[PDB]
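run-v8.cif, holding mmCIF, C-alpha atoms and all ligand atoms:
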data_structure
loop_
_atom_site.group_PDB
_atom_site.id
_atom_site.type_symbol
_atom_site.label_atom_id
_atom_site.label_comp_id
_atom_site.auth_asym_id
_atom_site.auth_seq_id
_atom_site.Cartn_x
_atom_site.Cartn_y
_atom_site.Cartn_z
ATOM 1 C CA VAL A 3 17.854 -3.290 -11.813
ATOM 2 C CA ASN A 4 15.002 -0.879 -11.105
ATOM 3 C CA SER A 5 14.765 2.881 -10.416
ATOM 4 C CA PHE A 6 13.848 2.794 -6.712
ATOM 5 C CA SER A 7 16.473 4.818 -4.825
ATOM 6 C CA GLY A 8 17.477 5.253 -1.200
ATOM 7 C CA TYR A 9 15.754 2.163 0.213
ATOM 8 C CA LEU A 10 17.028 0.073 3.090
ATOM 9 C CA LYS A 11 16.980 -3.640 2.257
ATOM 10 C CA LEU A 12 15.132 -5.666 4.898
ATOM 11 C CA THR A 13 15.042 -9.077 3.208
ATOM 12 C CA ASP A 14 15.672 -10.685 -0.160
ATOM 13 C CA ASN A 15 12.510 -9.008 -1.508
ATOM 14 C CA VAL A 16 11.367 -6.258 0.908
ATOM 15 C CA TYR A 17 12.783 -2.718 0.934
ATOM 16 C CA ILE A 18 11.772 0.289 3.067
ATOM 17 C CA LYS A 19 12.203 4.069 2.948
ATOM 18 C CA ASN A 20 10.985 7.157 4.791
ATOM 19 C CA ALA A 21 9.057 8.778 1.956
ATOM 20 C CA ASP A 22 5.749 10.274 0.905
ATOM 21 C CA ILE A 23 4.235 7.598 -1.349
ATOM 22 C CA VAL A 24 2.658 10.318 -3.520
ATOM 23 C CA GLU A 25 6.010 11.979 -4.154
ATOM 24 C CA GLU A 26 7.685 8.624 -4.515
ATOM 25 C CA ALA A 27 5.107 7.553 -7.122
ATOM 26 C CA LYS A 28 5.371 10.776 -9.131
ATOM 27 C CA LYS A 29 9.156 10.392 -9.366
ATOM 28 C CA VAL A 30 9.442 6.693 -10.015
ATOM 29 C CA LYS A 31 6.234 6.124 -12.098
ATOM 30 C CA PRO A 32 6.220 2.529 -10.917
ATOM 31 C CA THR A 33 4.307 -0.150 -12.761
ATOM 32 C CA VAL A 34 2.154 -0.635 -9.632
ATOM 33 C CA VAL A 35 1.370 1.674 -6.719
ATOM 34 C CA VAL A 36 -0.681 0.133 -3.912
ATOM 35 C CA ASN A 37 -3.553 2.131 -2.388
ATOM 36 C CA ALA A 38 -4.729 1.604 1.192
ATOM 37 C CA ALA A 39 -8.335 1.254 0.048
ATOM 38 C CA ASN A 40 -11.626 0.553 1.766
ATOM 39 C CA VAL A 41 -14.322 -1.718 0.357
ATOM 40 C CA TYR A 42 -16.270 1.219 -1.116
ATOM 41 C CA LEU A 43 -13.179 2.768 -2.748
ATOM 42 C CA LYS A 44 -14.047 6.025 -0.976
ATOM 43 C CA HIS A 45 -10.643 7.709 -0.953
ATOM 44 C CA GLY A 46 -11.239 10.242 1.782
ATOM 45 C CA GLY A 47 -8.120 10.304 3.923
ATOM 46 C CA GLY A 48 -4.893 8.628 4.836
ATOM 47 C CA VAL A 49 -2.905 7.224 1.938
ATOM 48 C CA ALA A 50 -6.031 6.915 -0.215
ATOM 49 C CA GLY A 51 -7.047 10.534 0.237
ATOM 50 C CA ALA A 52 -3.512 11.653 -0.598
ATOM 51 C CA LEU A 53 -3.203 9.473 -3.713
ATOM 52 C CA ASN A 54 -6.623 10.546 -4.944
ATOM 53 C CA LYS A 55 -5.891 14.257 -4.342
ATOM 54 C CA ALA A 56 -2.695 13.880 -6.389
ATOM 55 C CA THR A 57 -4.821 12.564 -9.309
ATOM 56 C CA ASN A 58 -7.106 15.632 -9.129
ATOM 57 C CA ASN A 59 -9.979 13.276 -8.095
ATOM 58 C CA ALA A 60 -9.674 11.134 -11.253
ATOM 59 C CA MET A 61 -8.997 8.093 -9.051
ATOM 60 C CA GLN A 62 -12.307 8.689 -7.228
ATOM 61 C CA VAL A 63 -14.254 9.139 -10.485
ATOM 62 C CA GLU A 64 -12.862 5.866 -11.855
ATOM 63 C CA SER A 65 -13.495 4.126 -8.520
ATOM 64 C CA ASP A 66 -17.135 5.236 -8.363
ATOM 65 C CA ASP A 67 -17.740 3.694 -11.792
ATOM 66 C CA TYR A 68 -15.995 0.481 -10.648
ATOM 67 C CA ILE A 69 -18.241 0.193 -7.575
ATOM 68 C CA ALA A 70 -21.397 1.010 -9.518
ATOM 69 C CA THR A 71 -20.597 -1.908 -11.845
ATOM 70 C CA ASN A 72 -19.081 -4.459 -9.452
ATOM 71 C CA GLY A 73 -20.187 -3.607 -5.917
ATOM 72 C CA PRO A 74 -17.844 -3.363 -2.932
ATOM 73 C CA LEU A 75 -14.590 -5.205 -2.527
ATOM 74 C CA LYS A 76 -14.037 -7.780 0.222
ATOM 75 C CA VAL A 77 -11.910 -6.972 3.252
ATOM 76 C CA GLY A 78 -8.635 -8.660 2.305
ATOM 77 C CA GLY A 79 -9.390 -8.217 -1.405
ATOM 78 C CA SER A 80 -8.190 -5.954 -4.177
ATOM 79 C CA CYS A 81 -8.783 -4.608 -7.650
ATOM 80 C CA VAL A 82 -6.477 -3.224 -10.336
ATOM 81 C CA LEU A 83 -7.402 0.200 -11.705
ATOM 82 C CA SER A 84 -5.513 2.953 -13.486
ATOM 83 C CA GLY A 85 -2.493 4.550 -11.857
ATOM 84 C CA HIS A 86 -3.421 7.883 -13.472
ATOM 85 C CA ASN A 87 -0.460 10.305 -13.259
ATOM 86 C CA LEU A 88 1.194 8.299 -10.461
ATOM 87 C CA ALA A 89 1.887 4.818 -11.883
ATOM 88 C CA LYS A 90 0.820 2.551 -14.706
ATOM 89 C CA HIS A 91 -1.624 0.738 -12.400
ATOM 90 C CA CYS A 92 -3.038 1.214 -8.927
ATOM 91 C CA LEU A 93 -3.642 -1.949 -6.912
ATOM 92 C CA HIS A 94 -6.396 -0.993 -4.453
ATOM 93 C CA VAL A 95 -5.968 -3.352 -1.483
ATOM 94 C CA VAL A 96 -8.351 -3.492 1.484
ATOM 95 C CA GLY A 97 -6.601 -4.258 4.747
ATOM 96 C CA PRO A 98 -8.728 -4.717 7.871
ATOM 97 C CA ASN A 99 -9.643 -1.466 9.645
ATOM 98 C CA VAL A 100 -9.227 -2.015 13.384
ATOM 99 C CA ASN A 101 -11.310 1.106 14.004
ATOM 100 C CA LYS A 102 -14.190 -0.826 12.379
ATOM 101 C CA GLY A 103 -13.566 -4.040 14.346
ATOM 102 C CA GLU A 104 -12.314 -6.068 11.379
ATOM 103 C CA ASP A 105 -10.336 -9.259 11.936
ATOM 104 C CA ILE A 106 -6.595 -8.588 11.900
ATOM 105 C CA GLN A 107 -5.969 -12.078 10.501
ATOM 106 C CA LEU A 108 -7.318 -10.675 7.220
ATOM 107 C CA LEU A 109 -4.110 -8.657 6.971
ATOM 108 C CA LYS A 110 -2.276 -11.704 5.585
ATOM 109 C CA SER A 111 -4.967 -12.173 2.922
ATOM 110 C CA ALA A 112 -4.614 -8.489 2.014
ATOM 111 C CA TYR A 113 -0.848 -8.780 1.504
ATOM 112 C CA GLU A 114 -1.290 -11.934 -0.621
ATOM 113 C CA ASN A 115 -2.669 -9.665 -3.358
ATOM 114 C CA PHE A 116 0.833 -8.216 -3.765
ATOM 115 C CA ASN A 117 2.112 -11.609 -5.010
ATOM 116 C CA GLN A 118 0.231 -11.110 -8.295
ATOM 117 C CA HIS A 119 2.673 -8.287 -9.210
ATOM 118 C CA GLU A 120 6.413 -8.666 -9.697
ATOM 119 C CA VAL A 121 7.313 -5.209 -8.302
ATOM 120 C CA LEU A 122 5.215 -2.754 -6.248
ATOM 121 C CA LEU A 123 5.463 0.553 -4.413
ATOM 122 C CA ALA A 124 3.282 0.254 -1.347
ATOM 123 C CA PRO A 125 2.329 1.555 2.103
ATOM 124 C CA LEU A 126 2.083 -0.657 5.154
ATOM 125 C CA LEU A 127 -1.400 -2.153 5.005
ATOM 126 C CA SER A 128 -3.781 -1.434 7.879
ATOM 127 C CA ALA A 129 -1.355 1.165 9.322
ATOM 128 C CA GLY A 130 -2.176 4.819 9.893
ATOM 129 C CA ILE A 131 -5.891 5.532 10.173
ATOM 130 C CA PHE A 132 -6.693 1.823 9.724
ATOM 131 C CA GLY A 133 -5.542 1.361 13.318
ATOM 132 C CA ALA A 134 -3.226 -1.658 13.201
ATOM 133 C CA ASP A 135 0.259 -1.810 14.705
ATOM 134 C CA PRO A 136 2.666 -0.932 11.849
ATOM 135 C CA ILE A 137 5.362 -3.192 13.330
ATOM 136 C CA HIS A 138 2.904 -6.098 13.015
ATOM 137 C CA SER A 139 1.972 -4.996 9.499
ATOM 138 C CA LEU A 140 5.638 -5.005 8.462
ATOM 139 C CA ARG A 141 6.100 -8.497 9.919
ATOM 140 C CA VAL A 142 3.080 -9.840 8.008
ATOM 141 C CA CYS A 143 4.351 -8.151 4.840
ATOM 142 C CA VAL A 144 7.782 -9.772 5.113
ATOM 143 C CA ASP A 145 6.268 -13.175 5.914
ATOM 144 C CA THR A 146 3.637 -13.046 3.124
ATOM 145 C CA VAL A 147 4.885 -11.069 0.119
ATOM 146 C CA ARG A 148 7.343 -12.938 -2.107
ATOM 147 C CA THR A 149 7.480 -10.401 -4.947
ATOM 148 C CA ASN A 150 9.607 -7.258 -4.766
ATOM 149 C CA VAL A 151 7.980 -4.631 -2.561
ATOM 150 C CA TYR A 152 9.205 -1.098 -1.900
ATOM 151 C CA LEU A 153 7.533 0.233 1.257
ATOM 152 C CA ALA A 154 7.095 3.979 1.724
ATOM 153 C CA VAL A 155 6.626 5.106 5.329
ATOM 154 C CA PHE A 156 5.516 8.732 5.627
ATOM 155 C CA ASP A 157 6.394 9.310 9.291
ATOM 156 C CA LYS A 158 10.135 9.553 9.975
ATOM 157 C CA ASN A 159 9.704 8.650 13.645
ATOM 158 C CA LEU A 160 7.773 5.527 12.669
ATOM 159 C CA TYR A 161 10.269 4.609 9.947
ATOM 160 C CA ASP A 162 13.148 4.672 12.440
ATOM 161 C CA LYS A 163 11.152 2.534 14.891
ATOM 162 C CA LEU A 164 10.283 -0.088 12.265
ATOM 163 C CA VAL A 165 13.944 -0.411 11.264
ATOM 164 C CA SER A 166 15.305 -0.538 14.816
ATOM 165 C CA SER A 167 12.823 -3.227 15.912
ATOM 166 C CA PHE A 168 13.034 -5.368 12.753
ATOM 167 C CA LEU A 169 13.964 -8.993 13.352
HETATM 168 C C1 LIG B 1 -4.163 2.467 6.218
HETATM 169 S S1 LIG B 1 -3.640 4.179 6.104
HETATM 170 O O1 LIG B 1 -3.733 4.720 4.759
HETATM 171 O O2 LIG B 1 -4.586 5.034 6.811
HETATM 172 N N1 LIG B 1 -2.079 4.306 6.737
HETATM 173 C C2 LIG B 1 -1.642 5.591 7.179
HETATM 174 O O3 LIG B 1 -2.369 6.526 7.092
HETATM 175 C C3 LIG B 1 -0.216 5.652 7.753
HETATM 176 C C4 LIG B 1 0.723 5.680 6.539
HETATM 177 N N2 LIG B 1 0.467 6.865 5.734
HETATM 178 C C5 LIG B 1 1.267 7.058 4.550
HETATM 179 N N3 LIG B 1 2.199 6.180 4.199
HETATM 180 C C6 LIG B 1 2.950 6.424 3.130
HETATM 181 N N4 LIG B 1 2.802 7.514 2.416
HETATM 182 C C7 LIG B 1 1.881 8.448 2.723
HETATM 183 N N5 LIG B 1 1.554 9.629 2.152
HETATM 184 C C8 LIG B 1 0.540 10.212 2.834
HETATM 185 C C9 LIG B 1 -0.141 11.430 2.653
HETATM 186 C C10 LIG B 1 -1.151 11.783 3.527
HETATM 187 F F1 LIG B 1 -1.806 12.955 3.344
HETATM 188 C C11 LIG B 1 -1.503 10.958 4.592
HETATM 189 C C12 LIG B 1 -0.832 9.761 4.781
HETATM 190 C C13 LIG B 1 0.203 9.396 3.889
HETATM 191 C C14 LIG B 1 1.081 8.242 3.810
HETATM 192 C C15 LIG B 1 0.789 7.887 6.756
HETATM 193 C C16 LIG B 1 -0.144 7.946 7.960
HETATM 194 O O4 LIG B 1 -0.200 6.735 8.619
#

As structure tokens - that is how I would like this structure written.
Ligand SMILES: CS(=O)(=O)NC(=O)[C@H]1CN(c2ncnc3[nH]c4cc(F)ccc4c23)CCO1
Amino acid sequence: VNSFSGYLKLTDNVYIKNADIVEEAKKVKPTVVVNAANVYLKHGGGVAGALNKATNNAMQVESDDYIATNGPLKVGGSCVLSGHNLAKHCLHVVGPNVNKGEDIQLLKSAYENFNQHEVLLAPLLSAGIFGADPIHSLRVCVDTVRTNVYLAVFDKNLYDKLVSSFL
């Protein structure tokens, strides 16, 4: 039993809700919140900008030190950093950004990072400003993640579409 509330169950291990991931994180304080990161950990907009704003820019300060030490992430890769006031940990995962021409096949590699964590609160990778089809992203999630994932979808119209079209 965990504290996630109001989710629709899609599969044995995948759950979905129309929610603001920032508000969901502040209420649940999950062990892991996933950020929709880029390779530079520049949290300017989308999910990343919202998560970082909610940390009063502490996420960005920590991220800048990470990059200065380690260099950029790989597309499809991840790193574990602090969850600040939102979660114990933040798993920064880089999905491909279609608006940069990145290979959508890397989306599966991106979701594989979730399997290193037993339970996660996450957005749909490569959705939103990353330019991928969220219905495809949900399919890859379901077919790749084996650990327990709670997906927060900000847009109510999109949430209803994802549910209605789910196979
Ligand atoms: C690869 S992405 O990060 O750019 N994907 C997207 O942006 C998708 C999904 N986004 C979110 N999903 C869940 N919770 C969210 N809180 C937010 C707060 C914001 F100020 C902006 C977006 C979100 C958001 C919504 C917009 O479209």

| said: Please return as an MDAnalysis selection string the residues found within 8 Å of ligand LIG 1 (chain B), counting only C-alpha atoms and all ligand atoms. | reply: chainID A and resid 21:24 37:39 47:53 97 99 124:133 153:157

| query | Which of these, A:70, A:61, A:27, A:16, has the shortest distance to residue 146 of chain A once you count only C-alpha atoms? | reply |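 Using only C-alpha atoms, residue 146 of chain A sits closest to A:16.
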
| message | Evaluated on this file, the PyMOL selection byres (((chain A and resi 80) around 8) and not hetatm) picks out some residues - which ones are they, written as a list in words? | response |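 For this structure, the PyMOL selection byres (((chain A and resi 80) around 8) and not hetatm) captures residues 75, 76, 78, 79, 81, 82, 93, 94, 95, 96, 112 and 115 of chain A.
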
| Which is closer to residue 160 of chain A than all the others in A:84, A:72, A:20, A:62, using only C-alpha atoms? |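 Of all the options, A:20 lies closest to residue 160 of chain A.
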
Counting only C-alpha atoms, which residues of segment 15-38 of chain A sit at most 9 Å from some atom of segment 149-152 of chain A, and what is each one's closest atom pair with its distance in Å to one decimal, listed by chain and rising residue number, as CSV?
residue,atom,partner,partner_atom,distance
A:15,CA,A:150,CA,4.7
A:16,CA,A:151,CA,5.1
A:17,CA,A:152,CA,4.8
A:18,CA,A:152,CA,5.8
A:19,CA,A:152,CA,7.7

| field | Gap from atom CA of residue 71 of chain A to atom CA of residue 87 of chain A - Å, one decimal | value | 23.6 Å

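From atom CA of residue 56 of chain A back to atom CA of residue 102 of chain A, the distance works out to 26.5 Å.
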
Mind listing whatever residues come within 12 Å of the point (13.3, -1.3, 15.7)? Use all atoms listed in the file, file coordinates, and give them as a tab-separated table (two decimals) with C-alpha atoms, in the frame of the given file.
chain	number	residue	atom	x	y	z
A	12	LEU	CA	15.13	-5.67	4.90
A	136	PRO	CA	2.67	-0.93	11.85
A	137	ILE	CA	5.36	-3.19	13.33
A	138	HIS	CA	2.90	-6.10	13.02
A	140	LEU	CA	5.64	-5.00	8.46
A	141	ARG	CA	6.10	-8.50	9.92
A	159	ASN	CA	9.70	8.65	13.64
A	160	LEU	CA	7.77	5.53	12.67
A	161	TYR	CA	10.27	4.61	9.95
A	162	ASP	CA	13.15	4.67	12.44
A	163	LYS	CA	11.15	2.53	14.89
A	164	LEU	CA	10.28	-0.09	12.26
A	165	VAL	CA	13.94	-0.41	11.26
A	166	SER	CA	15.30	-0.54	14.82
A	167	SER	CA	12.82	-3.23	15.91
A	168	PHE	CA	13.03	-5.37	12.75
A	169	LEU	CA	13.96	-8.99	13.35

| query | What is the atom CA of residue 105 of chain A to atom CA of residue 64 of chain A distance in Å? | reply | 28.3 Å

Taking all listed atoms of segment 124-139 of chain A, build the axis-aligned box, pad each of the six sides by 3 Å, then write its centre and edge lengths in Å to one decimal as JSON.
{"center_x": -0.7, "center_y": -0.3, "center_z": 6.7, "size_x": 18.1, "size_y": 17.6, "size_z": 22.1}

Output segment 87-115 of chain A with N, CA and C atoms present, as an mmCIF file, in the frame of the given file.
data_model
loop_
_atom_site.group_PDB
_atom_site.id
_atom_site.type_symbol
_atom_site.label_atom_id
_atom_site.label_comp_id
_atom_site.auth_asym_id
_atom_site.auth_seq_id
_atom_site.Cartn_x
_atom_site.Cartn_y
_atom_site.Cartn_z
ATOM 1 N N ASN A 87 -1.733 9.621 -13.117
ATOM 2 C CA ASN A 87 -0.460 10.305 -13.259
ATOM 3 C C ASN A 87 0.591 9.787 -12.288
ATOM 4 N N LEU A 88 0.281 8.756 -11.503
ATOM 5 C CA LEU A 88 1.194 8.299 -10.461
ATOM 6 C C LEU A 88 1.948 7.018 -10.794
ATOM 7 N N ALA A 89 1.386 6.166 -11.644
ATOM 8 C CA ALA A 89 1.887 4.818 -11.883
ATOM 9 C C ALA A 89 1.145 4.293 -13.100
ATOM 10 N N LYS A 90 1.612 3.178 -13.654
ATOM 11 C CA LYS A 90 0.820 2.551 -14.706
ATOM 12 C C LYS A 90 -0.515 2.062 -14.151
ATOM 13 N N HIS A 91 -0.463 1.333 -13.038
ATOM 14 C CA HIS A 91 -1.624 0.738 -12.400
ATOM 15 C C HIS A 91 -1.645 1.101 -10.928
ATOM 16 N N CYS A 92 -2.853 1.156 -10.371
ATOM 17 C CA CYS A 92 -3.038 1.214 -8.927
ATOM 18 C C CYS A 92 -3.716 -0.072 -8.480
ATOM 19 N N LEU A 93 -3.054 -0.791 -7.575
ATOM 20 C CA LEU A 93 -3.642 -1.949 -6.912
ATOM 21 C C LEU A 93 -4.303 -1.453 -5.628
ATOM 22 N N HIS A 94 -5.636 -1.396 -5.631
ATOM 23 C CA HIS A 94 -6.396 -0.993 -4.453
ATOM 24 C C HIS A 94 -6.553 -2.220 -3.574
ATOM 25 N N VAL A 95 -5.954 -2.206 -2.385
ATOM 26 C CA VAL A 95 -5.968 -3.352 -1.483
ATOM 27 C C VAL A 95 -6.660 -2.946 -0.195
ATOM 28 N N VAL A 96 -7.599 -3.771 0.264
ATOM 29 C CA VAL A 96 -8.351 -3.492 1.484
ATOM 30 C C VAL A 96 -7.760 -4.308 2.625
ATOM 31 N N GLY A 97 -7.007 -3.651 3.501
ATOM 32 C CA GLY A 97 -6.601 -4.258 4.747
ATOM 33 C C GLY A 97 -7.735 -4.116 5.755
ATOM 34 N N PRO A 98 -7.740 -4.920 6.807
ATOM 35 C CA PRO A 98 -8.728 -4.717 7.871
ATOM 36 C C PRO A 98 -8.528 -3.378 8.577
ATOM 37 N N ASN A 99 -9.642 -2.716 8.886
ATOM 38 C CA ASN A 99 -9.643 -1.466 9.645
ATOM 39 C C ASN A 99 -10.008 -1.798 11.086
ATOM 40 N N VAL A 100 -9.009 -1.716 11.972
ATOM 41 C CA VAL A 100 -9.227 -2.015 13.384
ATOM 42 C C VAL A 100 -10.279 -1.082 13.968
ATOM 43 N N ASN A 101 -10.315 0.166 13.506
ATOM 44 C CA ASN A 101 -11.310 1.106 14.004
ATOM 45 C C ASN A 101 -12.723 0.785 13.518
ATOM 46 N N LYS A 102 -12.885 -0.262 12.698
ATOM 47 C CA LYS A 102 -14.190 -0.826 12.379
ATOM 48 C C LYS A 102 -14.400 -2.210 12.985
ATOM 49 N N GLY A 103 -13.430 -2.732 13.733
ATOM 50 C CA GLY A 103 -13.566 -4.040 14.346
ATOM 51 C C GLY A 103 -13.274 -5.216 13.443
ATOM 52 N N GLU A 104 -12.553 -5.006 12.346
ATOM 53 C CA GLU A 104 -12.314 -6.068 11.379
ATOM 54 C C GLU A 104 -11.165 -6.967 11.828
ATOM 55 N N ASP A 105 -11.230 -8.231 11.415
ATOM 56 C CA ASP A 105 -10.336 -9.259 11.936
ATOM 57 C C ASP A 105 -8.926 -9.048 11.395
ATOM 58 N N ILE A 106 -7.960 -8.893 12.305
ATOM 59 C CA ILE A 106 -6.595 -8.588 11.900
ATOM 60 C C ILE A 106 -5.979 -9.727 11.109
ATOM 61 N N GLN A 107 -6.475 -10.958 11.284
ATOM 62 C CA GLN A 107 -5.969 -12.078 10.501
ATOM 63 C C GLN A 107 -6.162 -11.847 9.011
ATOM 64 N N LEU A 108 -7.120 -10.994 8.625
ATOM 65 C CA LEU A 108 -7.318 -10.675 7.220
ATOM 66 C C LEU A 108 -6.165 -9.878 6.641
ATOM 67 N N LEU A 109 -5.252 -9.398 7.479
ATOM 68 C CA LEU A 109 -4.110 -8.657 6.971
ATOM 69 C C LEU A 109 -3.233 -9.535 6.081
ATOM 70 N N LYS A 110 -3.063 -10.811 6.436
ATOM 71 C CA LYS A 110 -2.276 -11.704 5.585
ATOM 72 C C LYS A 110 -2.931 -11.862 4.216
ATOM 73 N N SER A 111 -4.248 -12.079 4.193
ATOM 74 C CA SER A 111 -4.967 -12.173 2.922
ATOM 75 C C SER A 111 -4.771 -10.913 2.083
ATOM 76 N N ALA A 112 -4.806 -9.748 2.725
ATOM 77 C CA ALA A 112 -4.614 -8.489 2.014
ATOM 78 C C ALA A 112 -3.243 -8.448 1.344
ATOM 79 N N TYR A 113 -2.191 -8.803 2.085
ATOM 80 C CA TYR A 113 -0.848 -8.780 1.504
ATOM 81 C C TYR A 113 -0.669 -9.823 0.402
ATOM 82 N N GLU A 114 -1.425 -10.929 0.436
ATOM 83 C CA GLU A 114 -1.290 -11.934 -0.621
ATOM 84 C C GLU A 114 -1.579 -11.342 -1.999
ATOM 85 N N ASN A 115 -2.406 -10.291 -2.069
ATOM 86 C CA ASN A 115 -2.669 -9.665 -3.358
ATOM 87 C C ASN A 115 -1.391 -9.144 -4.001
#
